[PDB]
Amino acid sequence: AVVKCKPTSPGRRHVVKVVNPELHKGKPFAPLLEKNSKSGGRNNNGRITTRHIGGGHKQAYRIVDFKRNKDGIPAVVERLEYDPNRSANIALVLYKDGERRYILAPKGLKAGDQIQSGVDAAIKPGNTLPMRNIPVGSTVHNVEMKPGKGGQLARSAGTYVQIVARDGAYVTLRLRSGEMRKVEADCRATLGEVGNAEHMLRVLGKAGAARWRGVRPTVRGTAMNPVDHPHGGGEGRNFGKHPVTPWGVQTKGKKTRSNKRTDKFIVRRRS
Amino acid sequence: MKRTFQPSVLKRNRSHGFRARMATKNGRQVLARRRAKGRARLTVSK
RNA sequence: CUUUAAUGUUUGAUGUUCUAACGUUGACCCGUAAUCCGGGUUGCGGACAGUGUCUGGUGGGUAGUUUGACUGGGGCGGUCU
RNA sequence: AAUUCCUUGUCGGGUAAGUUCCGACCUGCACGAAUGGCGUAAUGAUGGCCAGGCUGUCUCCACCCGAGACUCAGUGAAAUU
RNA sequence: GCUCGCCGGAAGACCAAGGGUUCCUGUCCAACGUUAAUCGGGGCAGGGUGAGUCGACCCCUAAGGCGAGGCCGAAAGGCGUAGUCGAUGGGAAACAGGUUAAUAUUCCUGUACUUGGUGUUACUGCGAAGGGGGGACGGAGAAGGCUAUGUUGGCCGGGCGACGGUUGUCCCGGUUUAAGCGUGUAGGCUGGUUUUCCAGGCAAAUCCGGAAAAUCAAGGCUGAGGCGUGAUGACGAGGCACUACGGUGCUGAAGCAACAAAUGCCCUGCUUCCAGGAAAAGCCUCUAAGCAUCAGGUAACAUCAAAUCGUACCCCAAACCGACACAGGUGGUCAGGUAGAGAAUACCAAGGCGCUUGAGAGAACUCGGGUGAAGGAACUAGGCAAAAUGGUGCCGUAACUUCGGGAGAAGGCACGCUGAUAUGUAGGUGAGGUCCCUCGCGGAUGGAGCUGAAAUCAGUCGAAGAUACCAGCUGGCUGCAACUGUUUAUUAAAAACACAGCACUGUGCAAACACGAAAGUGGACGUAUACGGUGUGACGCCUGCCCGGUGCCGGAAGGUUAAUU
RNA sequence: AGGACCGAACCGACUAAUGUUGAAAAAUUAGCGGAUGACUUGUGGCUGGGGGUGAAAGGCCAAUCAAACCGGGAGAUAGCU
RNA sequence: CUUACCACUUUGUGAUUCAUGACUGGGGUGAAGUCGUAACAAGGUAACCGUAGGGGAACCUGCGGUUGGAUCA
Ligand SMILES: NC[C@@H]1O[C@H](O[C@H]2[C@@H](O)[C@H](O[C@@H]3[C@@H](O)[C@H](N)C[C@H](N)[C@H]3O[C@H]3O[C@H](CO)[C@@H](O)[C@H](O)[C@H]3N)O[C@@H]2CO)[C@H](N)[C@@H](O)[C@@H]1O
Ligand SMILES: [Mg+2]
Ligand SMILES: [Mg+2]
Ligand SMILES: [Mg+2]
Ligand SMILES: [Mg+2]
Ligand SMILES: [Mg+2]
Ligand SMILES: [Mg+2]
Ligand SMILES: [Mg+2]
Ligand SMILES: [Mg+2]
Ligand SMILES: [Mg+2]
Ligand SMILES: [Mg+2]
Ligand SMILES: [Mg+2]
Ligand SMILES: [Mg+2]
Ligand SMILES: [Mg+2]
Ligand SMILES: [Mg+2]
Ligand SMILES: [Mg+2]
Ligand SMILES: [Mg+2]
Ligand SMILES: [Mg+2]
Ligand SMILES: [Mg+2]
Ligand SMILES: [Mg+2]
Ligand SMILES: [Mg+2]
Ligand SMILES: [Mg+2]
Ligand SMILES: [Mg+2]
Ligand SMILES: [Mg+2]
Ligand SMILES: [Mg+2]
Ligand SMILES: [Mg+2]
Ligand SMILES: [Mg+2]
Ligand SMILES: [Mg+2]
Ligand SMILES: [Mg+2]
Ligand SMILES: [Mg+2]
Ligand SMILES: [Mg+2]
Ligand SMILES: [Mg+2]
Ligand SMILES: [Mg+2]
Ligand SMILES: [Mg+2]
Ligand SMILES: [Mg+2]
Ligand SMILES: [Mg+2]
Ligand SMILES: [Mg+2]
Ligand SMILES: [Mg+2]
Ligand SMILES: [Mg+2]
Ligand SMILES: [Mg+2]
């Protein structure tokens, strides 16, 4: 549930949490974690590459496995876990083979359910399957860029992709961004919508939230001096300039998108 | 108040020590520089 | 032979199809009880993308500078032959 | 009005008397809707105005206890010129 | 040497960093101490820091660094695989007395402990750079139990008192004692065991993971402290004998109980929460190749080994950082008594000190304060500064409001001491006795003794009883900004920045973008409910009309147009 | 529970006085703000100069900052004193 | 003498009530001023109710509903 927050104190009167009590309360499956080490958006030379980034909590990475091989062998969702690395809600599984793994955990992820993955598998949320098999117009789930690459689409929470159509070896699908993309079809993609979905409700409230969440504050352009940002200048706010990135680039126009090595797998751009 | 010099043998060395000195191109030059000028203590010996 | 049309032939304009350069931050094998690298296999893409030379555009992101004198202080205004 | 030049605009409130303050009028030199408009409980070592208590802040200073100030002995500077 | 005064969550004690002989003794006083100086952190000498167990090496790794080959780059070099380094973190073991002028978990006494090699004996599958487990990890809060330790009584030693009284209900003091060994308790966690089967843990595995049955359940880990042993020992007030007067030898009483406690321990626990909480080795186990009467493995005990550096002293300071023997800066540890909510505070203990110029005098004036008739903000840019207020409980408390607040609003009342209730109550604590028993650090029932608040009465002294220190001033109107926060180190803390929220816009992942000539890397081990950029800046009601100009998005048919040919 | 309340340590720095050849190249004293958090601190590490970093003041980058310090080009140039 | 109860009276802070106030909201009356003509006929776009937005103003427009609508629809 979302649940608001009593105006018990300032910077808490707005807070809008999001509790999914069905999430494991103990620690994670240790043998599937591995450090993390904050980066602070720094480069290999210590030079800050991406601004606003640092602090936050410890954050230990899980394992996930957006590949989903282990075919034919079924498994029952052991539990449901909370994941810091992603927005979605990771979920254990344990195959009948005796091996335990993680999964983003889609819509219907009731603890105890079963799931498979393979040319045969079964059209059902949880079961991974190569689009070459799954029906057309399905909600799908974690799509896979290249064949067997590992899946990198609709991974965030509440995300999903619609298999608009297929034409031979390629399958034209619709990304959540609203773009008409194409894929090798021979790419696993599982089924069902990614869990949570109600994630886009968190209000946070107090600044701290974002801060201890691993996000530093942001400095506006028309706030600093010229020598520091194209949006410099002072003596009374002012501006009389074109909205540009700290490097002189219309942050309201352009597009930057210059690949030409991918347009091929693109029909209708994000609108 | 707090001055501008907080000593730390460990750091003092690995910062301007003959070792970290003989670690860079222009480093071994810094030495040779003195070695030529006949410096007493090359670089914070002990 | 000229004014002009089918055949071959040549060469440009695009448009497809192909693989064999070229890419792959897909999947394996080996070097190797390695995540880099290299070779091999296969799949995908494919003369495209990319790069080099030349070239039109854009380009305070950056850089070198200019931005006059008279003037009953200077500026403003006016003046300079 | 943190925007009003004329400006102490005018009127009302507070005063014994108010170029500040509060409430109004609109003749807005030169407010105005995310270089946001108007509000807004709580918050503030924030700006302005008022009051009670308080008092040497003041009328108008007086006394008192100490550290220098002065005398002695030892050491013994400075700027400037 | 006797007084006096100051610090005492320190101005004490120990330690890291840093210093580097400043330590100690004996000497010397030129220069160095802001004075004198016989004195010193000064000069000159010697003397002085003794470890298997403390630490550093040393194993293990974090950040990050380095980096064979390798990939890049005019050169120099950049980057990075294997791997190797790198603590601020993980791995094994010593305590208590004594002693030196100065050393001390190092030397002496006593009582222990760890690990490795070699040997004797008993038993046995041993075997990794490998698999698994374990190490091994967050915030906050909520108890209970325990110790530290204090208080009081007992006990023992001493004391009968410069002035009224003080041999019995009296004053002073002490009342200590560790590692280790046994016990395994308050309490915490978890069901065990056998057999069978298997697409997992890169090979294998008896280990782990999974599936079956079968069978018992009182099993198995863990863990403060207590109690014994340590220890008829030590220490111990105190005497007796000696002194160079610093300090010596010998001898030695009691040495228990109750209650009260911790921020320490049980507690890497328990509850709960979202921001979801190092790594690796040691360690336990499993097998691999190998071995295959062997070697090894396990336990007992005997023995040898445990190297090498550090160890003086300062360490909130006159030994460090500040040019000074400078009112500044400096991380960790310990935490007594009275009163108190308490590491505030006040007075004190152990402990340490009086700050390296002093003697007088008692002028204006400056500095820091105490008190002021009457008035009470007339001061002044301005109530600047002062003065005031201050506690616990109870009564009671407005507009407004986001229903939390505003609110300790405001404004009041009671507070000392003595007796009774009650010879000390309510509570806390919990000894015999007694009961039984799985069974003993057992359970029950007993409620002695110990400790002990508040209240209500009546009385009583002062001007005053939150008497000191300490310890909100309050209210009303209004601009700005939601609020905590942040900022011009050294004139600006704000109306500035930032923020939660909002909107626009870019980005399909080898993302956009950014660092980089490149290789590579961050973004992100993220993937549009995501990441970047910009502007606004909670929340409420909203957010109009203009696309002519500039930019940006879409079109490109046509006109103009580069290299080239 | 809380970027919750009062208040030490601890972090900070709003006011005044004193100092201004200071005890001190920013402190002392009496008040003052935050004090479970965007908290505070030890130890070590990574960002290097037109570059870094910056809850943005042109602030910090060793008492130095509208381009650090050191050495060199270098006896830069100086219609000026 | 003293204590208790209590009158006058004192203080602080709310509640209610009437008066009043720079200005201002709309409402009532007023022979003959301006601007338009919304409604009553199909009132010349049928009218009205609720509601929302817009506008010098009656009003207009959108959504749903009613007939208390005219025609031989
Ligand atoms: N007072 C009545 C209310 O207000 C309005 O009515 C008011 C006005 O509209 C109306 O004013 C009218 C004006 O409309 C019309 N075009 C001209 C006429 N002379 C005016 O009349 C008004 O002013 C004049 C002065 O000369 C007076 O004499 C007359 O009494 C007065 N009614 O007179 C009323 C003032 O009394 C509403 N129409 C009415 O429905 C409502 O109930
Ligand atoms: Mg600014
Ligand atoms: Mg610029
Ligand atoms: Mg400026
Ligand atoms: Mg320029
Ligand atoms: Mg030049
Ligand atoms: Mg006004
Ligand atoms: Mg607008
Ligand atoms: Mg006044
Ligand atoms: Mg003299
Ligand atoms: Mg010496
Ligand atoms: Mg000495
Ligand atoms: Mg000496
Ligand atoms: Mg490297
Ligand atoms: Mg190592
Ligand atoms: Mg360490
Ligand atoms: Mg007597
Ligand atoms: Mg010592
Ligand atoms: Mg000593
Ligand atoms: Mg001194
Ligand atoms: Mg007076
Ligand atoms: Mg006045
Ligand atoms: Mg004041
Ligand atoms: Mg005062
Ligand atoms: Mg104003
Ligand atoms: Mg603010
Ligand atoms: Mg603040
Ligand atoms: Mg300043
Ligand atoms: Mg300031
Ligand atoms: Mg703004
Ligand atoms: Mg604003
Ligand atoms: Mg707080
Ligand atoms: Mg102070
Ligand atoms: Mg506080
Ligand atoms: Mg540091
Ligand atoms: Mg500086
Ligand atoms: Mg030259
Ligand atoms: Mg010169
Ligand atoms: Mg009409
Ligand atoms: Mg209608």
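By the method listed in its record, X-ray crystallography, this PDB entry was determined to a resolution of 4.45 Å.

Asks: Honestly, the overall build of chain B in this entry has me stumped. Any pointers?
Replies: A count of helical and extended segments in chain B gives 3 helices and 0 strands. Put simply, chain B runs from its N terminus to its C terminus through helices and strands in the order α-α-α. The proportion of buried residues among the 46 residues of chain B is 13%. Accessible surface computed for chain B: about 4,400 Å², of which carbon and sulfur atoms make up 53%.

Asks: When you look at the protein's contact with RNA strand F in this model, what are you seeing that I'm missing?
Replies: Lining the immediate surroundings of RNA strand F are 28 residues, of which A:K206, A:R216, A:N225, A:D228 and B:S8 lie closest. For RNA strand F, the backbone portion of the atoms within 4 Å of the protein, that is sugar and phosphate, comes to 55%. Taking A:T8, its side chain carries an N or O atom lying 3.5 Å from a base nitrogen of RNA strand F. Counting only elements with at least two residues in the surface near RNA strand F, the list comes to α1 (207-211) of chain A together with α1 (9-16) of chain B. Tallied by class, residues from the surface near RNA strand F come to 10 nonpolar, 9 polar and 9 charged.

Asks: What am I meant to see in the protein's contact with RNA strand E here?
Replies: Within the structure, RNA strand E sits among 104 residues, and A:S39, A:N44, A:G205, A:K255 and B:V9 are positioned closest to it. The contact in question runs from a sugar or linking oxygen of RNA strand E to an N or O atom on the backbone of A:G205, over 2.5 Å. Elements represented by at least two residues in the surface near RNA strand E include exactly α1 of chain A together with α1 of chain B. Looking at side-chain class alone, the surface near RNA strand E contains 31 nonpolar, 38 polar and 35 charged residues.

Asks: Hey, could you run me through the layout of surface pockets in this one?
Replies: By rolling a water-sized probe across the atoms, one finds the places where empty space is left. All names here are of chain A. A volume near 1,000 Å³ is recorded for the largest pocket. As for the largest pocket, its lining consists of 35 residues, and the residues nearest its centre are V18, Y82, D83, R202 and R213. Partitioned by chemical class, the residues of the lining of the largest pocket number 14 nonpolar, 11 polar and 10 charged. Here the second largest pocket defines a volume of roughly 230 Å³. Around the second largest pocket, the lining residues are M145, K146, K149, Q152, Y170, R181, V183, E184, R261, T262 and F265. Of the residues belonging to the lining of the second largest pocket, the class tally is 4 nonpolar, 2 polar and 5 charged.

Asks: Explain the sheet that holds strand β3 (residues 162-167) of chain A to me, please; I cannot follow it from the model alone.
Replies: All names here are of chain A. Ordered by their spatial adjacency, 3 strands build an open sheet running β3-β4-β5, and the pairing between neighbours is antiparallel. Of all the strands in the sheet, just β3 and β5 (180-183) have a single pairing partner and so form its edges. Pairs of neighbouring strands in the sheet enclose a mean axial angle of 30 degrees, with direction left out of account. The sheet contact formed by strand β4 (residues 170-174) and β5 spans 4 bridges and is antiparallel. Opposite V171, over in β5, you have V183 as the bridge partner.

Asks: Would you explain empty space enclosed by the protein in this entry?
Replies: All names here are of chain A. Enumeration according to the criterion identifies 1 cavity of 30 Å³ or more in this entry. Taken together, 13 residues form the lining of the largest cavity, with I103, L104, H141, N142 and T190 sitting closest to its centre. When grouped by side-chain class, the residues that make up the lining of the largest cavity number 6 nonpolar, 5 polar and 2 charged.

Asks: Sorry if this is basic, but what is going on with the nonpolar core here?
Replies: The nonpolar side chains of a soluble globular protein tend to be buried, and buried together. Residues and elements named next belong to chain A. By size, the foremost hydrophobic cluster in this structure holds 17 residues, and its most contacted members are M131, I134, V140, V143, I163, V171 and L173. Every residue in contact with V140, bar those within four places of it in the chain, is listed here: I134, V161, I163, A189, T190, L191, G192 and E193. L32, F66, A88 and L104 belong to the second-largest nonpolar core, a separate cluster that totals 10 residues.

Asks: How do you make sense of the side chain of A:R181 when you look at a structure like this?
Replies: Residue and element names in this part refer to chain A. Inspection of the secondary structure assignment puts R181 in strand β5. Here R181 is buried and forms no salt bridge, its nearest opposite-charge partner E179 lying at an N-O distance of 5.3 Å. Ignoring sequence-local partners within four residues, the contact set of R181 consists of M145, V171, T172, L173, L175, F265 and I266.

Asks: Please explain the packing of aromatic side chains as it appears in this structure.
Replies: Residues and elements named next belong to chain A. Taken as a whole and assessed by the stated rule, the structure comprises 1 aromatic pair over all chains. Taking the centre distance of 6.1 Å and the plane angle of 65 degrees together, the rings of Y170 and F265 count as edge-to-face. Within this pair, whereas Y170 is found in strand β4, its partner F265 is found in the segment after α1, the two being separated by 95 residues in sequence. Overall, the relative accessible area of 24% leaves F265 in the partly exposed class. Positioned above the aromatic ring of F66, the side-chain terminus of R155 is 3.4 Å from the ring centre.

Asks: Help me out: how do you make sense of the side chain of B:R21 in this one?
Replies: Within the secondary structure, B:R21 sits in helix α2 (residues 18-21). Although B:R21 is buried, it makes no salt bridge; A:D228 carries the closest opposite charge, 30 Å away. Not counting residues within four places of it along the chain, the set of residues in contact with B:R21 comprises B:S15, B:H16, B:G27, B:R28, B:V30, B:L31 and B:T43.

Reading the values: rules and limits
Residues numbered from 1 in each chain as written, not as in the entry; some residues may be left out. Chains lettered and ligands numbered in written order. Part of a larger assembly, values for the part shown. Heavy atoms only, no water. Helix = DSSP H or I, 4+ residues; strand = E, 2+ residues; numbered from the N terminus. Buried < 20%, exposed > 50% of the residue type's maximum accessible area, 1.4 Å probe, protein only. Areas by Shrake-Rupley, 256 points an atom, 1.4 Å probe, with all protein chains shown as cover. Near = heavy atom within 4 Å. Polar contact = N/O pair within 3.5 Å; in protein donor to acceptor, adjacent residues only side chain to side chain. Nonpolar A, V, L, I, M, F, W, Y, C, P; charged D, E, K, R; others polar. 1 Å grid on protein atoms, 1.4 Å probe; cavity = no way out; pocket = protein on both sides within 12 Å on 5 of 7 lines; lining within 4 Å. Points joined across faces, edges and corners; volume = space filled by probe spheres on them. Pairing = 2+ DSSP bridges. Axes fitted to C-alpha atoms, helices over the stretch in contact; angles between N-to-C directions. Core = buried A, V, L, I, M, F, W, Y, C linked by side-chain atoms within 4.5 Å. Contact = heavy atoms within 4.5 Å. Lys, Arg positive; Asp, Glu negative; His and termini not counted. Salt bridge = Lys/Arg side-chain N within 4 Å of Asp/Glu carboxyl O. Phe/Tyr/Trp six-rings, centres within 6.5 Å; stacked < 30°, edge-to-face > 60°. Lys NZ or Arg CZ within 6 Å of the ring centre and 35° of its normal.

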